[PDB]
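A quick write-up on the structure given underneath.
Number of protein chains: 2
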Amino acid sequence: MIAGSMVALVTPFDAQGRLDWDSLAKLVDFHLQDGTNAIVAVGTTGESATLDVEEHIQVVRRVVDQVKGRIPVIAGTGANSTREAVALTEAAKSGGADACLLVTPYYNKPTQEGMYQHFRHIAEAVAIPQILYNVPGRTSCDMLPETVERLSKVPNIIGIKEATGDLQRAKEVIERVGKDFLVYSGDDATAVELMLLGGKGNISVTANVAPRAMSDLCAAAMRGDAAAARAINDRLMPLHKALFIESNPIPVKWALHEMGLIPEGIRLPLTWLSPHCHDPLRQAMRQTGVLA
Amino acid sequence: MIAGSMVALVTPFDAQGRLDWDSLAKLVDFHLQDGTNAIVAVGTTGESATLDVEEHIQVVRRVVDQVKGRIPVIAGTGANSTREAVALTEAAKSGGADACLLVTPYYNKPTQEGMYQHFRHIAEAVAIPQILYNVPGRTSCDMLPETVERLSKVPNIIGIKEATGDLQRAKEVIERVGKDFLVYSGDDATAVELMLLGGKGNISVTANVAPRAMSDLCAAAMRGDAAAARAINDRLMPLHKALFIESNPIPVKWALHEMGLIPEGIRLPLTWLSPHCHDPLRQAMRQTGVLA
């Protein structure tokens, strides 16, 4: 099943721009060990935008391969076109993915009715669980709760990743959708309370540098042990803010390279963490016990 | 050298979704005859997000073919992947296009520095004039005037399509760049005042349904007839509003179909103009003399 701490995995690049399979294998091993519950391969954090179509499947497959099915693999396959949305998804299903994360259409701002027709079609063309992703902070698009209720009732759409960071939003949604539709967190800062409200997981960025603490945090929350959930979330707060000191995944990539897990390497337009933000971030990793 | 009424040309589809060469030809004769100063194919209005690449050079070709060097043909070519961008520009060039319109990387949220190295890379790579495109409301990112400044000093980058609709941002860009770097309006409602400030043209949407009137507006505003320009704009406001009553391409197509210039066909995730919006837009087209 799909729940708990899910890492939105970064996809490493060597200095000249290619994919480092060694590293990806290290990361998978790393999360596989320290307690991660799932892996969101090739997502926003995965730097999908700048990926090739071939590089896309070559990865989804490699992770599934290395997971031995010990853990579920969620693949990003959302496009702002209905057509490539269906295509990318057909791919993830072949590569061996267990479910897909699809972003609401960016740049072209649908109608709510358009969003509904968009996702519905994609759900009737590829038999595989689908997880809706809402983030107007990037798509210049907000999928309202009515449009969410309406889609939650479609055959193989099993949940939603909510990034707005607005708790009242994720509370109107839990209310409007059924008992087995799953609402996940997008915002790492507020994930804990979203779970305490009835959430079922966090599609985390911080989990990249601190997977084990995130597993713990999700356990405490989904049990209703708010006392503990918040204790950990506080000792991570420094991290949650530092990793967005510059657009994701520019910061988290850097931290990962600092721990010796991934090489310096990120594709244009994204750039490498500005010197500006080195001390501020490095200190956080120290405050956090990921680096001394 | 490329200035004035410029049409963000739509891209005809038939009820089934396929392209309608019969209709594109007419739209081109319409603006040809009526006096549009340049055509911008495959832009946001041209539904650039839902065209296979193959479909995208095909379109440019048959427009370039038909214009036959009479007026400038500008091709929309921006991707949020720098690699994918040089690819589309290379294609547009090798299409016969005269220049390219490139939108800032949407959804992936570049730093100002990344935005900079993104555009120079492309200007370095493809020997063809390039016109920047800033439109935050659709991208969720934003090219500070301070970055446009740096960029204006690069060889084959000769202008920007500023679409914030903020008239101070304009009073700003114009002040920071040389007179040979041209600032275009990307917002129809206020394009008249931006030209009065030193702007040289309006990549317009209204122009699809009222090309002659837009030339007249652009001409008077560029000579200095501030009284004449605002009088024409005042006469066209209801239409500027009506064309954006539901998110862009949608309204303008409905209009065009009503004039009998294009098929009822628009690709998902975009939907056909919802029923409510029919009489507020039909009356506008009438209140402003394009419909009887």
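For the protein sequence lines, the chains are B and A, in the order given.
The first sequence lines up with residues 1 to 292 when you count with the deposited numbering.
The second sequence lines up with residues 1 to 292 when you count with the deposited numbering.
Using N, Cα and C, we set each Cβ at its ideal position, and we do this for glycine too.
query: For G159 of chain B and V64 of chain A, what's the separation of their Cα atoms in angstroms?; result: 46 Å
query: CA-CA distance, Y133 of chain B and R169 of chain B?; result: 14 Å
query: So, is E246 of chain B buried or exposed, given that buried needs 16 or more other C-beta atoms within 10 angstroms?; result: buried
query: With 9 Å as the threshold, decide whether the Cβ of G137 of chain A is near any Cβ in chain B.; result: yes
query: Restricting to Cα atoms, I'd like to know which of B:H240, B:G96 and B:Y107 is closest to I71 of chain B.; result: B:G96
query: At a CB distance below 7 Å, what residues from the segment 45-70 of chain B approach chain A? Give them in sequence order.; result: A49 and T50
query: What does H118 of chain A reach in chain B if we use C-beta pairs closer than 7 Å?; result: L268 and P269
query: Could you name the residues of the same chain whose beta carbon sits closer than 7 Å to that of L151 of chain A, not counting the 5 residues immediately before and after it, in chain order?; result: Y116, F119, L132 and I157
query: Can you list, in chain order, the residues of the segment 102-130 of chain A whose Cβ is nearer than 7 Å to any Cβ on chain B?; result: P105, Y106, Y107, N108, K109, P110, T111, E113, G114, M115, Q117, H118 and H121
query: Check whether the segment 100-109 of chain A and the segment 123-131 of chain A touch, using three or more Cβ-Cβ pairs below 8 Å as the test.; result: yes
query: Among all the DSSP beta bridges, which residues are the ones paired with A75 of chain B?; result: B:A41 and B:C100
query: For a minimum of 3 consecutive residues, which ranges assigned as the beta strand (DSSP E) are wholly contained in the segment 105-167 of chain B?; result: 130-134 and 157-162
query: What is the DSSP secondary structure of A3 of chain B, counted as helix, strand or coil?; result: coil
query: Starting from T82 of chain A, find everything on chain B with Cβ-Cβ shorter than 8 Å and list it in chain order.; result: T50, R267, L268 and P269
query: Mind checking if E90 of chain B is an interface residue toward chain A, Cβ cutoff 9 Å exclusive?; result: no
query: To which residues of the same chain is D14 of chain B closer than 6 Å at the C-beta, ignoring the five residues directly before and after it?; result: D20, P263 and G265
query: Can you tell me which of B:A79, B:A125, B:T190 and B:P136 puts its alpha carbon nearest to the alpha carbon of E90 of chain B?; result: B:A125
query: Would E246 of chain B pass as an interface residue toward chain A - the criterion being a Cβ-Cβ separation below 9 Å?; result: yes
query: In whole angstroms, what separates the C-alpha of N208 of chain A from that of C218 of chain A?; result: 15 Å
query: When burial is assigned at 16 or more other CB atoms within 10 Å of the CB, is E193 of chain B buried or exposed?; result: buried
query: With 9 Å as the threshold, decide whether the Cβ of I250 of chain A is near any Cβ in chain B.; result: yes
query: Shorter than 9 Å from the beta carbon of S140 of chain A to some beta carbon of chain B?; result: yes
query: Which residues does DSSP pair with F13 of chain B in a beta bridge?; result: B:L19
query: Decide yes or no for the touch test of the segment 81-89 of chain A against the segment 281-290 of chain B: beta carbon pairs closer than 8 Å, at least 3 of them.; result: no
query: Quick one: any contact between the segment 231-248 of chain A and the segment 106-113 of chain B, if contact means 3 or more CB pairs under 8 Å?; result: yes
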